[PDB]
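So basically every Cβ, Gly included, is an ideal-geometry build from the backbone, and we count neighbours across all protein chains shown. Laboratory data are not the source of any read-out in this text; all were calculated from the coordinates shown.
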Amino acid sequence: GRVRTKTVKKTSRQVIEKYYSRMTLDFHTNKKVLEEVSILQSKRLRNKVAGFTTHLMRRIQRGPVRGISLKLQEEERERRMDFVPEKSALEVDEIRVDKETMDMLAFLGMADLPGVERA
Amino acid sequence: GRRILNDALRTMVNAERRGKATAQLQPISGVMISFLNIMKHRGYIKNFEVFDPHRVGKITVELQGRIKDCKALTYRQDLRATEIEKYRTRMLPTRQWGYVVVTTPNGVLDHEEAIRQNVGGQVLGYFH
Amino acid sequence: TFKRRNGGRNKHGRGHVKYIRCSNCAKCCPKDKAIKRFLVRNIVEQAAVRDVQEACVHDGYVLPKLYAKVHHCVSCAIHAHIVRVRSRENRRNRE
Amino acid sequence: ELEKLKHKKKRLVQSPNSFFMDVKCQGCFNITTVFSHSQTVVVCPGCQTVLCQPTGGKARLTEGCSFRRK
Amino acid sequence: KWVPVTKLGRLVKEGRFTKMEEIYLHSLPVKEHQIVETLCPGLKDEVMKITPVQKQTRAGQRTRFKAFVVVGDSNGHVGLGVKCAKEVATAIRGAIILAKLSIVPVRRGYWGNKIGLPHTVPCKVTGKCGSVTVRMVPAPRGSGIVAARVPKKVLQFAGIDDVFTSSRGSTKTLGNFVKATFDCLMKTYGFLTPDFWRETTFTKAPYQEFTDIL
Amino acid sequence: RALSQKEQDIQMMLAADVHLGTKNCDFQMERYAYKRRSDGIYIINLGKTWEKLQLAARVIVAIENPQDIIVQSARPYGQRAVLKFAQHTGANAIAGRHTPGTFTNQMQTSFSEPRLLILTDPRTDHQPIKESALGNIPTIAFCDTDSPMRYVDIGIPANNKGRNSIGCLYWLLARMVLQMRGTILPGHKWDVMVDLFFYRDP
Amino acid sequence: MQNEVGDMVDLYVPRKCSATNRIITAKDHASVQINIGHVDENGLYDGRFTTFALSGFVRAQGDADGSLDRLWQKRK
RNA sequence: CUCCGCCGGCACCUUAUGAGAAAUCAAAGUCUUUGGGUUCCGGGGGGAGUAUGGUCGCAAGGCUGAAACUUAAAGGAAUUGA
Ligand SMILES: [Mg+2]
Ligand SMILES: [Mg+2]
Ligand SMILES: [Mg+2]
Ligand SMILES: [Mg+2]
Ligand SMILES: [Zn+2]
């Protein structure tokens with residue numbers, strides 16, 4: 001009977017968007033982090049959201065996570081986004097196809113190709 | 001049974017309404033090709049093949065999408081050149097376009113031709 | 001309104017289908033309309049199979065199996081939950 | 001061109017699927033004309049062996065009966 | 001004020017259109033109703049029927065009013081709007097919004113002789129909506145609009161001057177009846193007339209002509 | 001002697017296995033499939049594929065502002081293809097889920113009036129098809145031998161369910177549109193290599 | 001179209017589908033207008049394009065693609 | 001037995017660009033842009049497939065078959081609720 005509502009979870013994700021390197025695993029530390037970085041109207045809601053963000057830490061710190069977006073992780077995912085092999089891994093020097101895949105080329109007039117071989 | 005000049009026109013309407021480029025017709029007729037001559041004269045279909053190898057025949061017309069409806073009035077009427085005037089209003093969309101094709105002793109011809117030659121006959125059909 | 005395409009029975013190209021008897025109420029319903037399941041049950045359920053392999057005199061003996069093709073009418077099938085009332089859309093599929 | 005798989009009477013100008021074939025046997029080195037869909041057993045005038053067996057479609061040839069379309 | 005959200009709305013706001021001929025000729029979706037005031041200035045709107053529809057719930061039966069408004073200038077643009085809402089006035093407003101969005105072009109024709117401005121419908125046209133069907137047949141000059149009060153009130157907006165109306169099906173259901181009338185109008189530019197026979201020279205779409213301002 | 005752009009590009013597609021359709025076919029695009037292998041899957045005339053690729057490239061280039069073109073791929077085999085295609089052509093890719101109402105709901109947060117819509121698959125991306133049918137939005141779709149190609153203006157006959165084919169085909173469109181606009185001056189040299197478009201899975 | 005005076009009375013002579021010749025009405029939101037560019041020489045483009053228009057009917061059939069193709073094989 | 005194609009069957013699955021009051025239908029489409037040919041058959045609900053007459057049948061009954069009077073709805077499809 002302890003499921004957190006949207007006023008909790010939306011706020012937890014939104015605050016964890018912005019303040020990552022400035023908040024940590026420890027519940028009480030996150031409490032006092034949130035004191036200076038947000039204004040709420042109840043200490044129990046403060047505790048509630050801090051206690052949701054702390055296991056948001058304990059999930060983020062080990063694996064990726066849904067929508068919430070952080071520069072310190074998106075930039076690295078972009079750095080490993082944009083790499084290539086030293087040369088294109090798929091090589092055209094050898095292509096092994098069958099009679100009708102050759103009929104392709106023969107109908108296109110191309111009985112002779114580099115790197116196309118009979119199975 | 002078969003009572004063609006309907007089997008041709010309904011095929012043509014179906015082909016046009018589906019947007020097909022050419023429609024072919026399994027029986028032919030001197031009357032059928034004389035009807036298509038009226039269409040082609042009045043510029044509703046373009047040229048066409050008449051496959052006459054040996055049998056009843058076969059035809060292939062190419063549709064230009066310029067036709068909109070074409071029909072046969074089987075139960076072919078009697079029709080005076082004094083009283084087409086209330087078939088043209090009864091069937092054709094308006095008094096400017098559309099043609100009613102009536103067979104007359106001068107062969108197959110549309111109703112505007114029938115006004116000027118002043119000869120009546122039997123309704124073969126219409127197109128507009 | 002027509003509840004089903006085929007009427008609840010698969011009868012095409014025929015005029016008469018030989019009837020059969022419900023296995024529960026013995027109602028005469030056509031063979032192409034009766035809910036027909038080929039139940040193949042164990043002679044005993046798996047909590048009493050070790051105990052019979054500990055009593056078969058000749059080793060390597062496998063338990064026979066009850067093969068029987070039970071028929072039900074629609075009334076008894078519904079009542080015994082052989083089949084269930086499905087939604088207007090889910091009704092159609094045959095899987 | 002599909003006009004050979006297409007039906008016999010639905011082609012543009014309908015044409016038969018059959019043909020006359022000159023059959024020449026092994027036992028009688030003469031030539032006899034037979035129809036593709038024979039419908040009747042036919043025997044070589046000399047050797048009297050059967051050339052074909054009627055069937056619902058093309059007639060069945062006997063072993064060692066070489067035939068040329070014509 | 002406006003702050004338009006459709007790029008058609010943007011172009012209309014800088015005023016690089018003049019009349020709805022181009023939007024019609026390019027079949028663009030009109031999505032903000034405040035295009036059409038600035039593109040059709042002489043626009044007149046009248047509601048005809050407020051019929052109350054009733055959904056019934058646990059507590060009782062909850063009533064809504066739906067409005068059927070016809071908008072249009074008497075020069076070939078007419079539009080039909082239907083809108084269901086809790087209150088009569090807001091139903092009127094939403095209906096008039098959708099109606100000014102549903103302005104469509106109606107082409108006119110002559111009966112036999114092409115002198116004067118076009119007055120009657122070009123030919124025989126049939127519109128169907130549910131069970132009711134309406135036909136407009138061309139009429140000679142000065143015969144008026146022979147039709148029921150509803151389609152006559154549609155056509156007096158559409159600008160049609162003379163026309164013969166033949167209807168089938170339940171004409172009492174005013175929703176379907178006026179919607180069939182409107183469907184029978186908005187398809188009068190659906191008729192391949194010999195007068196259209198010359199193949200069309202294309203015109204740049206608004207997007208690619210006013211691209212640089214996007 | 002030399003090779004043609006035909007030669008190199010057809011080799012690239014033979015290599016990335018684009019010519020192989022699937023077991024079925026649709027009467028709409030049977031005109032592209034050439035013959036069947038006895039195993040049962042169809043194969044596509046890659047010459048006709050490249051003809052349609054030129055068709056699509058000319059349609060892309062005739063767009064004044066490439067910021068008004070949207071390309072989509074709901075198959076996770078194509079997100080890395082589409083964003084790399086987008087950053088090169090200047091288009092605007094929407095990879096991942098397509099929120100319904102993107103093209104009609106005017107005061108939706110994700111609203112747009114695209115000049116053109118490119119899709120990796122009419123089958124999977126059938127929602128953008130339906131919204132394009134309401135928004136006057138011409139469409140270029142990557143049709144396989146199973147593609148129900150209703151509401152498709154230009155359909156590239158090609159395999160679009162492979163680790164390599166989706167990466168390859170967008171790279172062809174990338175190079176061809178870039179040749180058309182001249183950013184890579186005449187000469188088969190282009191400084192982007194294909195294996196970038198292949199999606200890099202974790 | 002033409003009044004007997006010669007004046008032209010009807011508005012937006014509507015565009016016609018290039019592939020089926022039925023006319024695109026003012027609310028066929030399933031109608032599109034393709035632009036296919038022309039490539040000449042070094043540079044391989046200028047703002048010279050051919051234009052095609054398709055009604056909702058042709059797209060809805062699905063045969064819009066074949067129409068674009070078979071109308072693109074016209075030469076000049 | 002595997003593959004491909006023809007006809008002629010019994011059907012089925014997807015889609016409207018169609019039709020329909022809709023349910024739904026690839027035939028219930030090609031219908032106000034109304035006309036391929038032909039037979040039977042309906043004209044609000046009852047009274048009623050009743051009375052009477054005829055006719056067939058061993059009989060049960062079948063075929064053919066009204067009126068007086070009465071009535072403002074009866075009915076079809078789909079929606080929400082209960
Ligand atoms: Mg049978
Ligand atoms: Mg029976
Ligand atoms: Mg009665
Ligand atoms: Mg009911
Ligand atoms: Zn039972």
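Are any of the residues in region C:48-62 more than 14 Å from ligand 5 (Cβ to nearest atom), more than 14 Å from chain F (Cβ to nearest Cβ) and touching a residue at least 60 places away in the same chain (Cβ under 8 Å)?
First, the residues of region C:48-62 that are more than 14 Å from ligand 5 (Cβ to nearest atom): C:48-62.
Okay, now just the ones that are also more than 14 Å from chain F (Cβ to nearest Cβ), so C:48-62.
Still in the list and also touching a residue at least 60 places away in the same chain (Cβ under 8 Å): none.
Checking region C:48-62: not a single residue is more than 14 Å from ligand 5 (Cβ to nearest atom), more than 14 Å from chain F (Cβ to nearest Cβ) and touching a residue at least 60 places away in the same chain (Cβ under 8 Å).
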**OP:** Output the number of residues of region C:31-53 satisfying the condition of being surrounded by fewer than 16 Cβ atoms within 10 Å (Cβ to Cβ), within 20 Å of C:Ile82 (Cα to Cα) and either within 16 Å of RNA strand H (Cβ to nearest atom) or among the charged types (D, E, K, R) (or both).
**Re:** 4
Subject >> Given (1) surrounded by 21 or more Cβ atoms within 10 Å (Cβ to Cβ); (2) within 14 Å of chain B (Cβ to nearest Cβ); (3) closer than 21 Å to F:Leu55 by Cβ; (4) in contact with a strand residue (DSSP E or B) (Cβ under 9 Å, 6 or more places away or on another chain), index of the condition G:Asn35 fails >> reply: (2)
**OP:** Might you let me know whether region G:53-69 holds any residue that is part of a strand (DSSP E or B), more than 7 Å from every other protein chain (Cβ to nearest Cβ) and farther than 30 Å from E:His77 by Cβ?
**Re:** no
**OP:** Could you check, for region F:106-118, whether at least one of its residues is within 22 Å of F:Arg58 (Cβ to Cβ), within 10 Å of chain G (Cβ to nearest Cβ), surrounded by 21 or more Cβ atoms within 10 Å (Cβ to Cβ) and in contact with an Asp or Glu (Cβ under 8 Å, 6 or more places away or on another chain)?
**Re:** yes
Original post:
What tally of residues in region B:53-69 results from selecting those that are farther than 27 Å from B:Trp97 by Cα and at the interface with another protein chain (Cβ under 10 Å from one of its Cβ atoms)?
Top reply: 4
Original post:
Is it the case that D:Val13 is β-branched (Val, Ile, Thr) and free of Cβ contacts under 8 Å to residues at least 24 places away in the same chain?
Top reply: yes
**OP:** Could you tell me whether any residue of region E:179-186 is in contact with a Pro (Cβ under 7 Å, 6 or more places away or on another chain), away from chain F (no Cβ under 14 Å) and more than 16 Å from ligand 5 (Cβ to nearest atom)?
**Re:** yes
**OP:** Please enumerate the residues belonging to region E:95-153 that are small (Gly, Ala, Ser) and touching a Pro at 6+ places or on another chain (Cβ under 7 Å).
**Re:** E:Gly109
Subject >> The one condition in (1) surrounded by 11 or more Cβ atoms within 10 Å (Cβ to Cβ); (2) under 22 Å from B:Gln26 (Cα atoms) that D:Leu5 fails to fulfil >> reply: (1)
Original post:
Looking at (1) near RNA strand H (Cβ under 9 Å from one of its atoms); (2) over 22 Å from G:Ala19 (Cβ atoms); (3) in contact (Cβ under 8 Å) with a residue 24 or more places away in the chain; (4) more than 11 Å from the chain's Cα centre (by Cα), which is the only condition B:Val13 fails?
Top reply: (2)
**OP:** Name the helices (runs of 4 or more DSSP H) wholly inside region E:103-214 in which the number of residues that are within 16 Å of RNA strand H (Cβ to nearest atom) and surrounded by 20 or more Cβ atoms within 10 Å (Cβ to Cβ) is 3 or more.
**Re:** E:174-185
Original post:
Which of the residues spanning region C:16-55 are over 18 Å from C:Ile78 (Cβ atoms) and in contact with a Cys (Cβ under 9 Å, 6 or more places away or on another chain)?
Top reply: C:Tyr19
**OP:** Filter region B:54-80 for residues that are under 21 Å from B:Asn37 (Cβ atoms) and away from RNA strand H (no atom under 11 Å from the Cβ) and give the result.
**Re:** B:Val56, B:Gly57, B:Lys58, B:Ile59, B:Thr60, B:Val61, B:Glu62, B:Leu63, B:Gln64, B:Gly65, B:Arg66, B:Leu79
Subject >> helices (runs of 4 or more DSSP H) contained entirely in region A:29-118, each with at least 2 residues that are within 10 Å of chain F (Cβ to nearest Cβ) >> reply: A:71-81, A:99-107
**OP:** Please state which one of F:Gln5, F:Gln72, F:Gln67, F:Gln54 is more than 7 Å from every other protein chain (Cβ to nearest Cβ), touching a strand residue (DSSP E or B) at 6+ places or on another chain (Cβ under 7 Å) and surrounded by fewer than 19 Cβ atoms within 10 Å (Cβ to Cβ).
**Re:** F:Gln67
**OP:** May I ask you to list pairs of residues, at least six apart or on different chains, whose Cβ atoms are under 6 Å apart, with the first in region E:99-114 being within 7 Å of another protein chain (Cβ to nearest Cβ) and the second being surrounded by fewer than 22 Cβ atoms within 10 Å (Cβ to Cβ) and among the aromatic types (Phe, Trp, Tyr)?
**Re:** E:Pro105/E:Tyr24
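Report whether or not E:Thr90 is part of a strand (DSSP E or B) and among the polar types (S, T, N, Q). Full working, then the answer.
Working: part of a strand (DSSP E or B): no; among the polar types (S, T, N, Q): yes.
Answer is no for this residue.
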Original post:
Taking B:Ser34 and the conditions (1) among the polar types (S, T, N, Q); (2) exposed (fewer than 15 other Cβ atoms within 10 Å of the Cβ); (3) not in a loop (DSSP other than H, G, I, E, B), which numbered condition does it fall short on, given that it satisfies the others?
Top reply: (2)
**OP:** Working carefully through the options G:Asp63, G:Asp69, G:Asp7, G:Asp40, find the one that is among the acidic types (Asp, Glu) and buried (at least 21 other Cβ atoms within 10 Å of the Cβ).
**Re:** G:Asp63
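To keep it simple, each residue is scored yes or no on (1) surrounded by fewer than 18 Cβ atoms within 10 Å (Cβ to Cβ); (2) free of Cβ contacts under 8 Å to residues at least 24 places away in the same chain; (3) within 14 Å of chain G (Cβ to nearest Cβ).
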{"site": "F:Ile129", "(1), (2), (3)": "no, yes, yes"}
{"site": "F:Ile137", "(1), (2), (3)": "no, no, yes"}
{"site": "F:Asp146", "(1), (2), (3)": "no, no, yes"}
{"site": "F:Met149", "(1), (2), (3)": "no, no, yes"}
{"site": "F:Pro157", "(1), (2), (3)": "no, no, yes"}
{"site": "F:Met180", "(1), (2), (3)": "no, no, yes"}
{"site": "F:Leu185", "(1), (2), (3)": "yes, yes, yes"}
{"site": "F:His188", "(1), (2), (3)": "yes, no, yes"}
{"site": "F:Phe197", "(1), (2), (3)": "no, no, no"}
